[PDB]
Amino acid sequence: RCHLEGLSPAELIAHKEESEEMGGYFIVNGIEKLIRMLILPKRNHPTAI
Amino acid sequence: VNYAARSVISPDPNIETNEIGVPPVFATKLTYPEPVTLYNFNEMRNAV
Amino acid sequence: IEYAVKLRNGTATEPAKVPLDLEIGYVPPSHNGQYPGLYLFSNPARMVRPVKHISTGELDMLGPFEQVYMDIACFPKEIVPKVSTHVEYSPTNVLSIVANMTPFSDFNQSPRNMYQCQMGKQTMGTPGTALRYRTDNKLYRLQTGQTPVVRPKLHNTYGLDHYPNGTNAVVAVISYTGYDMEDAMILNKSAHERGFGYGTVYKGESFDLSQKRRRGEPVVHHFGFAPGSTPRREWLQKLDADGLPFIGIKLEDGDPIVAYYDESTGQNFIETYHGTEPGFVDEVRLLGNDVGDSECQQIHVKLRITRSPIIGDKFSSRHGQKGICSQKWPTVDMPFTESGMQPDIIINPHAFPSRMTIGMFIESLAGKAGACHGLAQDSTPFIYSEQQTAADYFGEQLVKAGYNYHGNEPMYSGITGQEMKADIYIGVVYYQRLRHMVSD
Amino acid sequence: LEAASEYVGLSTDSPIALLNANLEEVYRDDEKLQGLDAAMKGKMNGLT
Amino acid sequence: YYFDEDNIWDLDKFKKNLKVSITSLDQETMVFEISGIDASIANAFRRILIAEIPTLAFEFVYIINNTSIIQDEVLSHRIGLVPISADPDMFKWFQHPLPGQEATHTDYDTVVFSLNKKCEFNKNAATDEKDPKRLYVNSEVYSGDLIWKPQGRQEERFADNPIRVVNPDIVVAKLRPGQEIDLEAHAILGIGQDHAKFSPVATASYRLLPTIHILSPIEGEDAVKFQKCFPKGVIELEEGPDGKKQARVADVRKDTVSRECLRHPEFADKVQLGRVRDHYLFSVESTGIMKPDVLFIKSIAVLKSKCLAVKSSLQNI
Amino acid sequence: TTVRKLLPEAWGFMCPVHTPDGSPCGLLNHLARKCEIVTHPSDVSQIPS
Amino acid sequence: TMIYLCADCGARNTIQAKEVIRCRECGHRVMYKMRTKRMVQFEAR
Amino acid sequence: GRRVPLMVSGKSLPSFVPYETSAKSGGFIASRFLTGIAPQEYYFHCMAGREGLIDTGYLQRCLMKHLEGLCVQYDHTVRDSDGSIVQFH
Amino acid sequence: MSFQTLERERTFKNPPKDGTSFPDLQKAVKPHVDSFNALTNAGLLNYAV
Amino acid sequence: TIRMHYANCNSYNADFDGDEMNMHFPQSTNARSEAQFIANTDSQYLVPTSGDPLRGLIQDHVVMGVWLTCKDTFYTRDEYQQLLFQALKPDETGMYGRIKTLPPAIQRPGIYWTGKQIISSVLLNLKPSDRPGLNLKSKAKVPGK
Amino acid sequence: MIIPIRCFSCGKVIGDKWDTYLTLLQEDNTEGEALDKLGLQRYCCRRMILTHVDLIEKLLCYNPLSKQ
Amino acid sequence: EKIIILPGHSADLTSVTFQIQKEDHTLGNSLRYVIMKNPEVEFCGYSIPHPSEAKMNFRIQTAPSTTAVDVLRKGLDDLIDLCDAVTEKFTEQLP
Ligand SMILES: [Zn+2]
Ligand SMILES: [Zn+2]
């Protein structure tokens, strides 16, 4: 849902983001925030404790 | 406390086991009082 | 596996009979073991990595529930028949991306590789290529970076070539200056004044008048100078006319950077540069407040502070060998070989025992070998075996080039002139300058 | 193998299946692991 | 108090032992062999060649307009490191300014160069070729674009030998349509121990003439491996009617002291790798300022000047 | 001396070496080079069939 | 009046103090100031 | 203390068969840093090193509040400063 | 293996309009962005509501 | 950046890697007198826990010690005098007028001072006015075999 | 950024040896030893124009005064 | 103040320590080399207080026959003669 999807590096240099952009970070107030990956127990598998 | 500097250290083998090198900046920025007598008057006049 | 290899190539791609990502967690029975029962997972948000199925010859993906029950032989040569039913593609596949890029990472005492990962994540290196369009607070950029002469192929695959981190230092392992104990090091003076690791910090600070508008009145403050007098002693020196500073004028600590006045009082207020180091001004942005129909109520000024190597700035190779630029020896008082190159950085020999960075000795060998012929010496973990050592390979390289096979090199001292009795070890290491010295 | 088989009681020429069954019985526990690792560590450190 | 009675200074005996030969002399490189000089004197010569002789080099840089991507002080620095072809003894030193600093320039002191380049878009381009040398004009600000501007009498003093940048091909910066560089650089005299840009010689160093001698003669495949060990030319394979093949060292001067033969287990018996103790091989490669002969003679003259300075000030007290 | 230990069902999933030193040592293990994360499930009714 | 640069269109704006800030030809709302002619010196060090 | 932790299936690492006895699976690694350590060995080495790293000031306000004075008075009898003896000589 | 120099310069000078030269950075960031893609499409929010 | 010698590195438990040190100044003269006589650095040669001393040279100095006092070493007159004067450096410290040496260990066919004689020479120049020489017997670290 | 004029260890000027080194690899089919035709005898002036990231031909594509 | 005599000089001016200003090993080592060639000297070894500053402590002690300043003067003259011999041979070599 951004206007950079499927864009090739040349059209990214046509914009103001660098050629091999990565994405993955919501821009919030201008500081690139990101949701870290957490680790959880397995889905649906009945484990013992 | 007053009159107490704080800086990064770096090693030097030329000076002494006692001595600590201070740049002329700490020379100019740390001072201590001294009464003036007859025989150190030349040192203090020249200092001022 | 078979329908996946059908689906990848020409044969039609119907909805897969069984997907690759599905993991068949067979849990064999045994007394006092895990409760035995076949487990078929198909949920998202799992970990899944690829290996090569050995009966076939194609990909197969498996997660952390079949790991513990499959004999994944880690080499083509480790496979023992009738039992080993999977092969790892290449054991380099076990490390991460930043950790894998440490040349000869399987020679160092693993705490050194841990420190090197956690310290190469903190280099003063090129944070990209679009810096003119970045509104971050503190960026660091390296003026003179290069690609390493000793590198893992994945340093090319992962596209690191676009973001270099450090330069190639002609390191001489030698205890000669005397200043380089307790892990410190020297930096050949002329090798510094010709442009060794030369940092530029960008501090972009923002000014917003909408904060000093508490409540009760409409928009009052504006950028510029009130119609009336303006002090010449500083304000007209830096600030152009609009209360916005000149582009390219060098600031000091007590210097004004922006200017705004109230409407009622009509008196011009000012904001000063808090930092204690003379920085320039490279770009100012007049941020339009919003959609439109607003005055410039925000400015963003990007000062370009300069940071050459000053005594105390940590340098650190790709092995955890962090030091501090101790004195910057003159280029005339440094040793030299028969050829004449002053070693750009003197490291201390006493730092390698009790540290085990034998990887660094191998890397210096490989650097002096690759720079000569012009190779990009391959340094992936786990290639060089016990039969023929990596050291012997790079030694063949060097003796082809002409230098000493153990890497030594006959050096004359500079302060006395007559040769050092013992030969000395000169190579081409990759020295990425650190940035921990920002808060001195 | 020598140290493990001596610890569990079997000989070096034992059938693989019986040694495997005894080993499976061994390190479900924790003390028997202490004994096994101590013995094998003694052997390896002798070699080293 | 022990003197050895043979360590005596005798200028007649010294100048009788000293012998000099100039192997190869060029416009940039020179290699020549000094003999009968203790390590201290030859090290003094090297030390002075590297640093202690003067050479014009850009010190101040006044920018008037610089809107390229190359940062400002980076451009000033990268200009500073370029060389300048001027006889460094036709000038006087720059009396550096203490407070009361501004009005401190003259025409015997400095030289002034200037560049101004605005890369406009080139419109004769056929298609998209980001060369960009053909897409844009004045793309790269070379060093050859540092055009000299004489200050008064200078125009007449240097008329036979115009003062130019010695390497007119160095790339100083890179520009693209719209952005411009404009600055003039003032160059003063310097001494190499201050900054690197004053050092005239690119690389100046010496080697003790190594000596390789066989103790016991080798044969056959040992001779072939031996000759293969050192770089070509230094090892001759003896033509001997008696026996089959021997090795005798043709010319040790090519040899690099790599000590590769000492690596094999059976060769370490046969040969020693030493160095003739009083025989120095100087190699001097200057940059653009002076022909290396002038380099060496100016180096020894600077040594003599330092000695006469100390002696003159000693005669005072 | 718990999970901050590198117990080995991570071979190829999360990196052994790369992990910060000091107090957060052992908690944040950066994934391996090739470890993917399957996040688009698929239909599996053919599995019961 | 001052001369600026519209961030996207790159067009000289000529916007005066206390005015609505935006690109006169595009409608973008970010404006860089341009580097004028001014004398600075740096030592070649 | 002991050695490499055995996972549920009894194999030291997914490279080795279950209930593997040969010492190379017990965390004994024969290769040397000069020549280079192999993957199965390198993993155990990372285990030991990172173990070390997760292994690597109130008892100076207990023994110091009570031992503030504790000075050696001139009759050479180390007393507390309130006057009471603690040691002779 | 040699330094890709000509290729580096011909990817610097005329940037690629076809597709990102480095697929592995994108396969490295793919977890997050493909998770958001799973949020929008593949009927994830619709199932939630 | 302030500079201190290596000897104190063992005492302060410092590594010269970025850790920084408070540097005070005792203002009054009583304070600087007591700092000079009671708590000055050269008087802190013995830790309080055990007698074992804590100051003393480190890595480079001690390896070069094994390589200098070794018995296959030999110096001509020039190196002996020069190395000795580099060691002493009287003028920056003071208190001594003229440097005095030993006779050479060997005298013909070439005069050669040996390394142990340089160590003895340093000890001879630092002997007080009237204190007989040092004499001592103690095992060294490099084992005899 | 641009090629480091005056290589660090040596004193040789190699600023001008980049557009004349690149167009040896480009079309002459000569390998990394192209620089031996350039006259770099040492290996301190040689690891400069060999492993050089010329990262300014990628950064000049962001002229904010592009007029487009 | 190019060359001064430090406060450690013996009254007979036989054990004296010149301190040459703005010099480093370049002249120090060469002059020490030439001075050793003089029989009537007992000691000659140069140093440097601290490479930060450019000062060279010299030191020349001699036998009671000739004082030290004469030794330094004769040594500097000899070093100048050596430089002249080298330059003469060099110039005569090439045309
Ligand atoms: Zn616009
Ligand atoms: Zn070089």
### Task
Take the Cβ-Cβ distance between A:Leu34 and I:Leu6 as r, set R0 to 45 Å, and report the resulting FRET efficiency rounded to the nearest 0.05.
0.80
### Summary
Counting only backbone N atoms under 15 Å from a point 7 Å out along Cα-to-Cβ of G:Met39, the residues of the stretch E:162-202 in range are E:183-186
### Task
Go through the stretch E:132-190 and name the trypsin sites (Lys or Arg not before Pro) that are in a DSSP coil and have 11 or fewer other Cβ atoms within 10 Å of their Cβ.
E:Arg153
### Message
Under a Cβ-only charge scheme (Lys and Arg +1, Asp and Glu -1), can you give me the dipole magnitude of the stretch C:286-440 about the Cα centre, in debye to the nearest 20?
### Response
320
### Query
Using θ = phi - 60° and the Karplus curve 6.51 cos²θ - 1.76 cosθ + 1.60, what whole-Hz ³J(HN,Hα) does each residue of the stretch E:279-287 get, with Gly and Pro shown as x?
10, 10, 10, 7, 10, 10, 10, 7, 10
### Message
Based only on other Cβ atoms within 10 Å, what is the fewest-to-most ordering of C:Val438, B:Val48, C:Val48?
### Response
B:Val48, C:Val438, C:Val48
#### Entry: Separation of the I:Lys27 and C:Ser210 label points, Cα + 7 Å toward Cβ, nm
4.4
### Query
Between E:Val294 and C:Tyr133, what FRET efficiency follows from the Cβ-Cβ distance if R0 is 51 Å, with the result rounded to 0.05?
0.50
### Query
How crowded by other chains is C:239-248, given as the mean number of beta carbons from other chains within 10 Å of each beta carbon?
4
### Query
For the stretch C:297-303, in order, what is each residue's ³J(HN,Hα) by Karplus, 6.51 cos²θ - 1.76 cosθ + 1.60 with θ = phi - 60°, in whole Hz (x at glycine and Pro)?
9, 8, 9, 9, 10, 10, 7
### Task
Would you please classify the overall shape of chain E from the alpha carbon gyration tensor, given that a ≥ b ≥ c denote the square roots of the eigenvalues, rounded means a/c under 1.5, and beyond that prolate means a/b larger than b/c while oblate covers the rest?
oblate
### Query
In the stretch J:57-114, which trypsin sites (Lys or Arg not before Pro) fall in coil by DSSP and have 15 or fewer other Cβ atoms within 10 Å?
J:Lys71, J:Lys100
### Query
For helix E:220-229, what angle does its Cα long axis make with the longest principal axis of chain E, in degrees from 0 to 90 and rounded to 10?
20
### Query
Is it possible to state the helix-based mean residue ellipticity at 222 nm for chain E, with each DSSP H run of 4+ residues giving -39500 (n - 2.57), the sum divided by total residues, to the nearest 500 deg cm²/dmol? What is it?
-6000 deg cm²/dmol
### Query
Non-local amide H neighbours of F:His30 (under 5 Å, H modeled in plane, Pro and chain starts lacking H): which ones?
F:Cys15
### Message
How large are Rg and Dmax for chain G when calculated on the C-alpha trace, in angstrom?
### Response
14.0, 44
### Task
Within 10 Å, count the other beta carbons around each residue, average over each peptide in C:244-254, C:61-71, and list them highest first.
C:61-71, C:244-254
### Query
How would you rank H:72-80, C:125-133, highest first, on the average number of other Cβ atoms within 10 Å across their residues?
C:125-133, H:72-80
### Task
Sum up the charges of everything whose Cβ sits under 9 Å from the Cβ of E:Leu314, counting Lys and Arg as +1 and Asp and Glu as -1, but leave E:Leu314 out.
+3
### Task
Could you list the residues of the stretch E:231-246 with an amide nitrogen less than 14 Å from a label point located 7 Å from the Cα of E:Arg253 in the Cα-to-C-beta direction?
E:234
## Note on the structure
Each label sits 7 Å from Cα toward the beta-carbon; between F:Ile47 and L:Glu1 the label points are separated, in nm, by 9.0
### Summary
For the stretch A:2-49, the dipole about the Cα centre with charges only on Cβ (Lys and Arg +1, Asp and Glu -1), to the nearest 20 debye, works out at 560
### Query
In square nanometres, what is the average projected area of the Cα convex hull of the protein assembly as shown?
75.8
### Task
Go through I:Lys17/K:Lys12; E:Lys298/L:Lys55; J:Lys89/K:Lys12; C:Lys138/C:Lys189 and tell me which ones have a Cα-Cα distance over 31 Å in this structure.
I:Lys17/K:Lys12; J:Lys89/K:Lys12
## Note on the structure
Which residues qualify? For C:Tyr261, with a placed amide H closer than 5 Å and at least 5 residues away or on another chain, they are C:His222, C:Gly224, C:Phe269
### Summary
Expressed in angstrom and rounded, the centroid-to-centroid distance over alpha carbons for the stretch E:70-89 and the stretch H:32-62 is 51
### For the stretch E:187-229 versus the stretch E:23-59, the gap between their alpha-carbon centres in whole angstrom
15
#### Entry: 222 nm mean residue ellipticity, helices alone, for chain H (DSSP H n ≥ 4; -39,500 (n - 2.57); rounded to 500)
-6500 deg cm²/dmol
#### Entry: Two-site FRET efficiency, E:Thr29 against J:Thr73, from Cβ-Cβ distance with R₀ of 51 Å, rounded to 0.05
0.80
### Task
Give the residue from J:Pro109, E:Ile147, C:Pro164 lying farthest towards the positive end of the charge dipole for the protein assembly as shown; charges sit on Cβ (+1 for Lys and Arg, -1 for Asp and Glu) and the dipole is referred to the Cα centre.
C:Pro164
### Message
Run the helix sum for chain A: -39,500 (n - 2.57) per DSSP H stretch of 4+ residues, divided by residue count, reported at 222 nm to the nearest 500 deg cm²/dmol.
### Response
-3000 deg cm²/dmol
### Message
Exceeding 28 Å between C-alpha atoms, which entries from my cross-link table qualify? They are C:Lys322/K:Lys58; J:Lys71/J:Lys139; C:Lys52/C:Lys121; E:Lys16/J:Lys71; C:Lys238/E:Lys92; A:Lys16/C:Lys322.
### Response
C:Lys322/K:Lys58; C:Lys52/C:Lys121; E:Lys16/J:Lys71; C:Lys238/E:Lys92; A:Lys16/C:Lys322
### Task
May I ask you to list the trypsin sites (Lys or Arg not before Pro) in the stretch C:48-122 that are in a DSSP loop and have at most 16 other Cβ atoms within 10 Å of their Cβ?
C:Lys77, C:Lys82, C:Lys121
#### Entry: Among E:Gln101, E:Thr211, C:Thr11 - extreme Cα towards positive end, dipole of the protein assembly as shown, charges at beta-carbon
C:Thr11
### Estimated dipole of chain D in Debye, rounded to 20 [Cβ of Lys and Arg +1, of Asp and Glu -1, Cα centre]
140
#### Entry: Contour excess over end-to-end distance, with Cα ends at J:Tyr45 and J:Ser129 and 0.36 nm allotted per residue
28.0 nm
### Query
Which residue fluctuates the most in chain C, going by a Gaussian network model with Cα springs under 10 Å, if the choices are C:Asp262, C:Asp161, C:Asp313?
C:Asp262
### Task
Between the alpha-carbon centers of the stretch C:33-47 and the stretch C:107-137, tell me the distance in whole angstrom.
38
### Query
Residue separation times 0.36 nm, minus the C-alpha to C-alpha distance between C:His31 and C:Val80: what's the value?
15.0 nm
### Net +/- balance of residues flanking C:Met124 in space, Cβ distance below 10 Å, scoring K and R +1, D and E -1
+4
### Query
Each residue of the stretch H:78-89 in order: what ³J(HN,Hα) in whole Hz does its phi give by Karplus 6.51 cos²θ - 1.76 cosθ + 1.60, θ = phi - 60°, with x for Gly and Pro?
5, 10, 6, 6, 5, x, 7, 6, 10, 9, 8, 6
### Query
If you count, for each residue, the other Cβ atoms within 10 Å and average over each peptide, how do L:29-41, C:290-302 line up from highest to lowest?
L:29-41, C:290-302
### Query
Taking the Cα-to-Cβ direction at C:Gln122 and at I:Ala42 and moving 7 Å from each Cα, how far apart do the two end points lie in nm?
3.7
### Query
Amide H neighbours of E:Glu140 under 5 Å, counting only residues 5+ apart in sequence or on other chains, H built in-plane at 1.01 Å?
E:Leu175
## Note on the structure
So, over other residues within a Cβ distance under 10 Å of E:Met30, counting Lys, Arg +1 and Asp, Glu -1, the net charge is -3
### Message
Can you find, among L:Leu82, I:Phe22, E:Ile22, the residue sitting farthest towards the positive end of the charge dipole of the protein assembly as shown, where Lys and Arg contribute +1 and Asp and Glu -1 at Cβ?
### Response
I:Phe22
### Message
Could you give me D for chain K, from Stokes-Einstein at 37 °C and 0.692 mPa s, where the hydrodynamic radius is the Kirkwood radius over C-alpha pairs? Units µm² s⁻¹, please.
### Response
247
### Message
Under 11 Å from a point placed 7 Å out from the Cα of C:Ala241 along the Cα-to-Cβ direction: which residues of the stretch E:50-69 have their backbone N that close?
### Response
none
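Taken together, the values in this text are just the output of simple stated rules run on the coordinates, not laboratory data. Here the Cβ is made from the backbone with ideal geometry for all residues, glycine too, and neighbour counts use every protein chain on show.
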